[PDB]
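Participant:
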Amino acid sequence: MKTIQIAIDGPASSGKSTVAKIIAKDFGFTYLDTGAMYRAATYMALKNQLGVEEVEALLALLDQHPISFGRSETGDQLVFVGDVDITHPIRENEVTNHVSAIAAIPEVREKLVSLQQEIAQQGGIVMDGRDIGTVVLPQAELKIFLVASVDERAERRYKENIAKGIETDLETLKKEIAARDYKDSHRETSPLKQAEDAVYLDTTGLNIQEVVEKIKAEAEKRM
């Protein structure tokens with residue numbers, strides 16, 4: 096087998112983390128999340144006040160940063176950028192706010208993409224994201240496309256908001272998702288439309304284990 100990448104795409108994917116995780120847990124592939132990639136990039140931005148306004152500089156720099164991931168002794172995927180293992184500084188919300196503002200830049204995404212390839216360069220890595228339709232996929236042995244319905248996902252979110260100690264209304268998520276879902280399904284850049292050879296597989300309100308098997312079978316057989 097040597098080593099091979101495992102990319103997963105979809106409108107939302109209600110089993111990308113678990114699936115991609117379980118897979119690498121058995122095969123031993125390095126797990127990578129498009130989010131962390133942007134986290135490391137945005138992190139440096141705020142670190143050296145490289146606001147989006149500095150696309151030129153931040154661009155050449157983003158590529159200069161020897162970014163990479165690694166599993167912490169305590170089973171914690173840390174983000175390594177600039178030769179500094181940072182897993183805490185790479186928050187979610189704070190990093191998201193800057194990540195969204197940063198990612199907005201075209202030159203940024205392009206460079207950040209090159210990094211994704213640098214990670215899987217050695218081979219044997221499971222990656223999952225939304226902008227993985229025309230970039231790393233083309234060079235990804237195994238590529239799956241988990242599809243779902245706004246209703247299904249929108250529901251899973253409503254609960255997660257409740258169980259967390261809140262009382263978010265469904266009607267709220269339903270609408271909110273309708274706006275984003277559209278804006279995402281009504282653009283041009285990073286057009287999904289199913290990758291070149293993206294394995295189509297929809298799992299609506301279906302068990303998670305059922306998905307892991309589906310992919311596993313596709314990989315084992317392909318091998």
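Note that the numbering used here has the sequence shown beginning at 96, numbered continuously upward.
Positions of the beta carbon are idealized from the N, C-alpha and C atoms, including for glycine.
#1: Run through the stretch 100-156 for me and flag every whole alpha helix (DSSP H) of 4 or more residues, listed as ranges in chain order.
#2: May I have the straight-line CA-CA distance separating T125 from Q212, to the nearest angstrom?
#3: Do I162 and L210 come within 9 Å of each other at the CB atom, strictly closer than that value?
#4: Is the Cβ-Cβ distance between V174 and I101 less than 9 Å?
#5: Hey, would you say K206 sits closer than 9 Å to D158, going by beta carbons?
#6: Helix, strand or coil for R282? Go by DSSP, reduced to three states.
#7: Is there contact between the stretch 269-286 and the stretch 219-234, where contact requires at least three CB pairs shorter than 8 Å?
#8: Got a sec? Which residues, its chain only, sit under 6 Å from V150 by beta carbon, not counting five neighbours each side?
#9: Starting from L210, trace the alpha helix (DSSP H) in both directions and tell me its first and last residue.
#10: For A119, which of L296, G105, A215 has the nearest alpha-carbon?
Facilitator: The answer reads as follows:
#1: 111-122, 129-142
#2: 13 Å
#3: yes
#4: no
#5: yes
#6: coil
#7: yes
#8: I200, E202
#9: 201-215
#10: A215
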